[PDB]
Each structure stands twice: as C-alpha cells, then as structure tokens.
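So this block is coords33.pdb, PDB, C-alpha atoms (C1' of nucleotides):
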ATOM      1  CA  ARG A  13       8.777  27.937  23.134
ATOM      2  CA  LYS A  14       9.682  28.977  19.596
ATOM      3  CA  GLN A  15       7.782  30.081  16.490
ATOM      4  CA  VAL A  16       7.101  28.293  13.215
ATOM      5  CA  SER A  17       4.158  30.161  11.637
ATOM      6  CA  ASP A  18       3.827  27.340   9.091
ATOM      7  CA  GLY A  19       3.289  23.843  10.474
ATOM      8  CA  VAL A  20       1.839  20.578   9.196
ATOM      9  CA  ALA A  21      -1.360  18.824  10.233
ATOM     10  CA  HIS A  22      -2.211  15.126   9.935
ATOM     11  CA  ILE A  23      -5.825  13.982  10.124
ATOM     12  CA  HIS A  24      -5.756  10.206  10.436
ATOM     13  CA  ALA A  25      -9.364   9.523   9.505
ATOM     14  CA  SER A  26     -10.663   6.010  10.130
ATOM     15  CA  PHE A  27     -14.304   4.991   9.931
ATOM     16  CA  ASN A  28     -14.236   4.661  13.726
ATOM     17  CA  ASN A  29     -12.035   7.645  14.647
ATOM     18  CA  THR A  30     -10.415  10.827  13.331
ATOM     19  CA  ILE A  31      -7.224  11.691  15.213
ATOM     20  CA  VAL A  32      -5.604  15.050  14.447
ATOM     21  CA  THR A  33      -1.907  15.639  15.160
ATOM     22  CA  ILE A  34       0.400  18.513  14.251
ATOM     23  CA  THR A  35       4.143  18.784  13.699
ATOM     24  CA  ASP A  36       6.457  21.388  12.109
ATOM     25  CA  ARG A  37       7.757  19.597   8.956
ATOM     26  CA  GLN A  38      10.347  17.763  11.071
ATOM     27  CA  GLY A  39       8.419  14.871  12.594
ATOM     28  CA  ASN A  40       9.044  16.387  16.045
ATOM     29  CA  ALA A  41       5.455  16.242  17.245
ATOM     30  CA  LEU A  42       3.776  19.214  18.922
ATOM     31  CA  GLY A  43       0.106  18.513  19.690
ATOM     32  CA  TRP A  44      -2.243  15.548  19.223
ATOM     33  CA  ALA A  45      -5.904  14.986  20.048
ATOM     34  CA  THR A  46      -8.471  12.345  19.133
ATOM     35  CA  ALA A  47     -12.212  12.425  18.516
ATOM     36  CA  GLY A  48     -12.411   9.605  21.081
ATOM     37  CA  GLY A  49     -10.462  11.475  23.744
ATOM     38  CA  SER A  50     -13.443  13.666  24.610
ATOM     39  CA  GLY A  51     -16.044  11.374  26.161
ATOM     40  CA  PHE A  52     -17.718  10.533  22.846
ATOM     41  CA  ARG A  53     -18.628   6.883  22.269
ATOM     42  CA  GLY A  54     -20.493   4.841  19.679
ATOM     43  CA  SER A  55     -21.702   6.424  16.457
ATOM     44  CA  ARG A  56     -21.518   9.781  18.252
ATOM     45  CA  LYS A  57     -17.721   9.463  18.270
ATOM     46  CA  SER A  58     -17.833   9.071  14.460
ATOM     47  CA  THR A  59     -19.588  12.330  13.566
ATOM     48  CA  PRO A  60     -18.230  15.450  11.824
ATOM     49  CA  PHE A  61     -19.284  17.311  14.974
ATOM     50  CA  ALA A  62     -16.783  15.183  16.885
ATOM     51  CA  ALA A  63     -14.345  16.362  14.219
ATOM     52  CA  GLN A  64     -15.221  19.989  14.957
ATOM     53  CA  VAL A  65     -14.706  19.646  18.709
ATOM     54  CA  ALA A  66     -11.441  17.744  18.096
ATOM     55  CA  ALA A  67     -10.210  20.550  15.848
ATOM     56  CA  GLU A  68     -11.085  23.054  18.567
ATOM     57  CA  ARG A  69      -9.152  21.185  21.257
ATOM     58  CA  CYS A  70      -6.100  21.124  19.043
ATOM     59  CA  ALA A  71      -6.478  24.786  18.041
ATOM     60  CA  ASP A  72      -6.603  25.816  21.680
ATOM     61  CA  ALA A  73      -3.798  23.354  22.498
ATOM     62  CA  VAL A  74      -1.500  25.166  20.025
ATOM     63  CA  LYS A  75      -2.166  28.817  20.970
ATOM     64  CA  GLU A  76       1.371  29.318  22.294
ATOM     65  CA  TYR A  77       2.919  28.137  19.020
ATOM     66  CA  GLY A  78       0.539  30.427  17.108
ATOM     67  CA  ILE A  79       1.213  29.332  13.533
ATOM     68  CA  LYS A  80      -0.694  31.231  10.850
ATOM     69  CA  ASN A  81      -0.410  28.725   7.958
ATOM     70  CA  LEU A  82      -1.443  25.092   7.624
ATOM     71  CA  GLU A  83      -1.174  22.128   5.250
ATOM     72  CA  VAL A  84      -3.437  19.131   5.895
ATOM     73  CA  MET A  85      -2.559  15.476   5.212
ATOM     74  CA  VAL A  86      -5.991  13.855   5.054
ATOM     75  CA  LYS A  87      -5.717  10.053   5.125
ATOM     76  CA  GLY A  88      -8.336   7.323   5.061
ATOM     77  CA  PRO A  89     -12.089   7.431   4.738
ATOM     78  CA  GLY A  90     -13.397  10.550   6.442
ATOM     79  CA  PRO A  91     -16.921  11.011   7.538
ATOM     80  CA  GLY A  92     -15.787  13.833   9.811
ATOM     81  CA  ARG A  93     -12.782  14.668   7.637
ATOM     82  CA  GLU A  94     -14.919  16.684   5.209
ATOM     83  CA  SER A  95     -15.684  19.331   7.854
ATOM     84  CA  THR A  96     -12.400  19.265   9.779
ATOM     85  CA  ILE A  97     -10.565  21.234   7.076
ATOM     86  CA  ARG A  98     -12.736  24.352   7.389
ATOM     87  CA  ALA A  99     -12.955  24.230  11.193
ATOM     88  CA  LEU A 100      -9.180  24.661  11.267
ATOM     89  CA  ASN A 101      -9.497  27.330   8.568
ATOM     90  CA  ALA A 102     -11.783  29.206  10.975
ATOM     91  CA  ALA A 103      -9.488  28.402  13.916
ATOM     92  CA  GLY A 104      -7.141  31.185  12.791
ATOM     93  CA  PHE A 105      -5.052  29.403  10.166
ATOM     94  CA  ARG A 106      -4.816  30.281   6.470
ATOM     95  CA  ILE A 107      -4.572  26.750   5.099
ATOM     96  CA  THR A 108      -2.181  26.802   2.152
ATOM     97  CA  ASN A 109      -3.137  23.551   0.422
ATOM     98  CA  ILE A 110      -4.733  20.155   1.003
ATOM     99  CA  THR A 111      -3.122  16.893  -0.104
ATOM    100  CA  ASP A 112      -4.667  13.430  -0.357
ATOM    101  CA  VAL A 113      -1.808  11.251   0.911
ATOM    102  CA  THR A 114      -3.856   8.040   1.256
ATOM    103  CA  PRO A 115      -1.287   5.236   0.820
ATOM    104  CA  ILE A 116      -1.966   2.990  -2.185
ATOM    105  CA  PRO A 117      -0.037  -0.303  -2.384
ATOM    106  CA  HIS A 118       1.103  -1.658  -5.746
ATOM    107  CA  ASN A 119      -0.600  -4.986  -5.066
ATOM    108  CA  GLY A 120       1.963  -5.620  -2.347
ATOM    109  CA  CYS A 121      -0.144  -7.615   0.113
ATOM    110  CA  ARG A 122      -3.361  -9.617   0.246
ATOM    111  CA  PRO A 123      -6.105  -7.565   1.948
ATOM    112  CA  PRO A 124      -8.254  -8.970   4.764
ATOM    113  CA  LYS A 125     -11.631 -10.389   3.804
ATOM    114  CA  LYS A 126     -14.116  -7.617   4.612
ATOM    115  CA  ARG A 127     -17.537  -7.811   6.268
ATOM    116  CA  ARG A 128     -19.861 -10.582   5.034
ATOM    117  CA  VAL A 129     -23.354 -10.021   6.412
TER     118      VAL A 129
ATOM    119  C1'   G B   1       6.222 -40.638 -64.389
ATOM    120  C1'   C B   2       3.757 -35.346 -62.902
ATOM    121  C1'   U B   3       3.286 -31.067 -59.007
ATOM    122  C1'   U B   4      -1.504 -28.564 -57.342
ATOM    123  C1'   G B   5      -1.412 -32.025 -51.480
ATOM    124  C1'   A B   6       2.554 -32.464 -47.989
ATOM    125  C1'   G B   7       7.669 -31.090 -46.639
ATOM    126  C1'   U B   8      13.126 -28.322 -46.803
ATOM    127  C1'   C B   9      16.491 -23.903 -47.641
ATOM    128  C1'   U B  10      17.540 -18.368 -48.059
ATOM    129  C1'   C B  11      15.366 -13.091 -45.688
ATOM    130  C1'   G B  12      12.437 -10.576 -41.956
ATOM    131  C1'   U B  13       7.866  -9.094 -38.458
ATOM    132  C1'   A B  14       4.637  -9.361 -33.732
ATOM    133  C1'   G B  15       4.058 -11.610 -28.878
ATOM    134  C1'   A B  16       1.959 -11.881 -20.314
ATOM    135  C1'   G B  17       4.851 -18.806 -25.173
ATOM    136  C1'   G B  18       8.622 -21.908 -21.869
ATOM    137  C1'   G B  19      13.322 -22.715 -18.499
ATOM    138  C1'   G B  20      17.518 -20.477 -15.635
ATOM    139  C1'   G B  21      20.170 -16.323 -13.317
ATOM    140  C1'   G B  22      20.284 -11.175 -11.705
ATOM    141  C1'   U B  23      17.962  -6.616  -9.941
ATOM    142  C1'   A B  24      13.848  -2.199  -8.443
ATOM    143  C1'   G B  25       9.773   0.871  -6.073
ATOM    144  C1'   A B  26       5.420   1.465  -3.542
ATOM    145  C1'   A B  27       2.683  -1.299   0.702
ATOM    146  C1'   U B  28       1.953  -4.408   5.276
ATOM    147  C1'   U B  29       4.735  -6.423   9.740
ATOM    148  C1'   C B  30       8.895  -6.442  13.320
ATOM    149  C1'   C B  31      13.252  -4.036  15.604
ATOM    150  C1'   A B  32      16.441   0.369  16.817
ATOM    151  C1'   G B  33      15.800   5.322  17.513
ATOM    152  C1'   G B  34      13.813  11.074  18.116
ATOM    153  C1'   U B  35       9.018  13.748  19.667
ATOM    154  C1'   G B  36       4.930  13.095  22.167
ATOM    155  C1'   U B  37       0.556  12.014  26.118
ATOM    156  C1'   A B  38      -4.103   8.938  28.005
ATOM    157  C1'   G B  39      -5.774   6.756  25.355
ATOM    158  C1'   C B  40      -5.823   2.596  21.152
ATOM    159  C1'   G B  41      -8.832  -1.041  19.224
ATOM    160  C1'   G B  42     -13.329  -2.790  17.646
ATOM    161  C1'   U B  43     -19.117  -2.783  17.953
ATOM    162  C1'   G B  44     -25.808  -1.807  17.481
ATOM    163  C1'   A B  45     -23.912  -0.948  22.039
ATOM    164  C1'   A B  46     -20.025  -3.522  24.120
ATOM    165  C1'   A B  47     -16.466  -6.957  25.686
ATOM    166  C1'   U B  48     -11.560  -9.918  25.097
ATOM    167  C1'   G B  49      -7.023  -7.617  23.807
ATOM    168  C1'   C B  50      -3.238  -3.298  23.751
ATOM    169  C1'   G B  51      -1.168   1.198  26.851
ATOM    170  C1'   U B  52       2.394   5.280  32.074
ATOM    171  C1'   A B  53       8.388  -0.274  31.434
ATOM    172  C1'   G B  54       5.403   5.720  27.479
ATOM    173  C1'   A B  55       1.088   3.157  23.861
ATOM    174  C1'   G B  56      -1.819   5.340  19.206
ATOM    175  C1'   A B  57       0.144   9.460  15.846
ATOM    176  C1'   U B  58       4.826  11.626  13.334
ATOM    177  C1'   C B  59      10.144  11.579  10.892
ATOM    178  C1'   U B  60      14.824   8.472  10.122
ATOM    179  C1'   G B  61      17.416   3.573   9.777
ATOM    180  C1'   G B  62      17.433  -1.710   9.437
ATOM    181  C1'   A B  63      15.391  -7.016   8.613
ATOM    182  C1'   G B  64      12.320 -10.773   6.159
ATOM    183  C1'   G B  65       8.410 -12.730   3.165
ATOM    184  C1'   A B  66       4.785 -12.332  -0.883
ATOM    185  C1'   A B  67       2.986  -9.725  -5.307
ATOM    186  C1'   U B  68       4.110  -6.520  -9.037
ATOM    187  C1'   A B  69      -0.853  -0.177  -9.043
ATOM    188  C1'   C B  70      -1.516   3.343 -14.082
ATOM    189  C1'   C B  71      -0.144   1.485 -18.791
ATOM    190  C1'   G B  72      -4.646  -2.631 -19.820
ATOM    191  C1'   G B  73      -8.175  -2.844 -24.102
ATOM    192  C1'   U B  74     -14.333  -9.577 -24.797
ATOM    193  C1'   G B  75      -5.671  -6.275 -26.620
ATOM    194  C1'   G B  76      -1.720 -10.534 -27.289
ATOM    195  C1'   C B  77       0.486 -15.682 -26.940
ATOM    196  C1'   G B  78      -0.228 -20.969 -26.106
ATOM    197  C1'   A B  79      -2.554 -27.962 -27.966
ATOM    198  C1'   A B  80      -5.360 -27.515 -23.238
ATOM    199  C1'   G B  81      -4.357 -26.285 -17.972
TER     200        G B  81
END
Whole structure, structure tokens version:
Amino acid sequence: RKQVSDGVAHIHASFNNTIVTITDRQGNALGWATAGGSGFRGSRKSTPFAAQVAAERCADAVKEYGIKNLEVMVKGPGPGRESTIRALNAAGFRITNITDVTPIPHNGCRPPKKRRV
RNA sequence: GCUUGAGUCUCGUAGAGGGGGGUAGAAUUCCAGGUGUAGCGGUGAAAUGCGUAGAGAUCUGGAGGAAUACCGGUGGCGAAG
C-alpha cells in the first residue's frame, strides 16, 4: 500500500535454518520467508546458496513496498548469513549498516548440555 | 625480682571474611495483545512432537523462578570446606 523507503531486516540464523523477515521499524511485519520453505532439506537447506534463494524470494516478495535502504539484524550462528547480506545489497537495496544483535545473557540461566559424541 | 617471650590500651589502612533486611538490568519460559502466513523443530537422512482455533518471526505489557556478563588478574579474604 504505502511507502517506507527505509525498512528493517531480521535474519534469524540458526545452524539448521536462516529465516529472513522484514518490518518497517514498528514491529508491524511485512514479509517473511525461510530457507526451509523452498523444498530444500538436509544439509542442502543449511547452505549459503539456500540463503541466496531465500533473499531472492523476499526481495521479489517486497517489490510493491520498494524500499531503497536496509539495516540487517543478524542473529545466531550463520553459515548462510555471511552471504545473505550482499545478496540483499544486490537485490536493489543500499544497506545502511549491519548490527550484531546476538543476545548475550548475564549468566541468567543454565545452558543445556551440548552434544557429547 | 627482670623484660626480650606472651598479652592490653590509644590512632588508622586493605579485603568475593560471616549473618540479616532491601533493591536493579540483561537472558530463558508462560500469558495478554498488534502484524503476519505454511511452515516450525530436529537429524546422516529421518521420525515423535508443534502449526490454519493462525504457528515460527517481529514490537508492546504482565507474571514467576534462578544467577549475577565486562571489570577479573596462579588479584584478594578465610583455620579448612
């Protein structure tokens, strides 16, 4: 409907997935799409190429809004995160800045006991 | 008998030493919302499980429990824990 020209992107980046969702600095969501929502499975769904395709299916999914400026909130380990930031840059968005917003607890809770092979 | 051992008094310095009572910010979880769709989750690959009664993701508000990131250093205190 309307125009923003400067939105916000959020790349949740797990070791198993990398979901990318956009809003306009208001929490009112606009467009979301996952690396897993495109037929990919197994290790294939955890590749930076899956990140590229995901970026493309958000970029096309936002053409009506047509923002020309982006800020990216990269969170969590990213295998595919490393390449997602420049795919959007090429998708017709002059990314202003990147920000590592990975939440760090002040020893609030006991973490789960990780893999023990 | 004596004052060197051992004790007492006057004056200050450092400290995660101990007990009790207050309070604070991140973080996880749940609930109430607003937006928002087909996925989420995990794996060697899957499956159980979760999702159209609207999940996952995003912003706001609330509730409860536990512990206090950097400072931090084989640095400090304590008879040991």
Notebook entry, point to check: Care to translate the PyMOL selection byres ((chain A) within 12 of (chain B)) into actual residues of this file, as a PyMOL selection string?
Noted result: chain A and resi 20-51+53-56+85+114-124
Next item on the list: May I ask which of the residues A:58, A:97, A:78, A:63 is the closest one to residue A:13, counting all atoms listed in the file?
Entry: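 So, comparing all the options, the nearest one is A:78.
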Margin query: Between atom CA of residue A:60 and atom CA of residue A:99, what is the distance in Å, rounded to a tenth?
Written below: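 Computing it gives 10.3 Å between the two atoms.
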Note to self: Here's the selection I'm unsure about, the PyMOL selection byres ((chain B and resi 76) around 7); applied to the file above, which residues does it give, as a PyMOL selection string?
What the structure shows: chain B and resi 15+75+77
Note to self: As an exercise, work out the distance from atom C1' of residue B:65 to atom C1' of residue B:30 in Å and give it to one decimal place.
What the structure shows: 12.0 Å
Checklist line | Distance in Å - atom CA of residue A:91 versus atom CA of residue A:67 | finding: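 Computed distance, atom CA of residue A:91 to atom CA of residue A:67, equals 14.3 Å.
The protein and nucleic acid residues lying at most 12 Å from residue A:102 are residues 64, 67, 68, 71, 80, 81, 82, 95, 96, 97, 98, 106 and 107 of chain A, with only C-alpha atoms (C1' of nucleotides) considered and sequence neighbours fewer than 4 positions away removed.
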Note to self: Just want the 9 Å neighbourhood of residue A:15, counted on all atoms listed in the file, with same-chain residues fewer than 5 positions away dropped. Output as a list in words.
What the structure shows: residues 76, 77, 78 and 79 of chain A
Could you save those same residues with C-alpha atoms as a short mmCIF file (atom, residue, chain, number, x, y, z; two decimals), keeping the file's coordinate frame?
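Contents of the output file result26.cif:
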data_model
loop_
_atom_site.label_atom_id
_atom_site.label_comp_id
_atom_site.auth_asym_id
_atom_site.auth_seq_id
_atom_site.Cartn_x
_atom_site.Cartn_y
_atom_site.Cartn_z
CA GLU A 76 1.37 29.32 22.29
CA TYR A 77 2.92 28.14 19.02
CA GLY A 78 0.54 30.43 17.11
CA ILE A 79 1.21 29.33 13.53
#
Next item on the list: Compile the contact shell of residue B:78 as a ChimeraX atom specification: residues with an atom at most 12 Å away, counting all atoms listed in the file, same-chain residues fewer than 6 positions apart removed.
Entry: /B:15-18
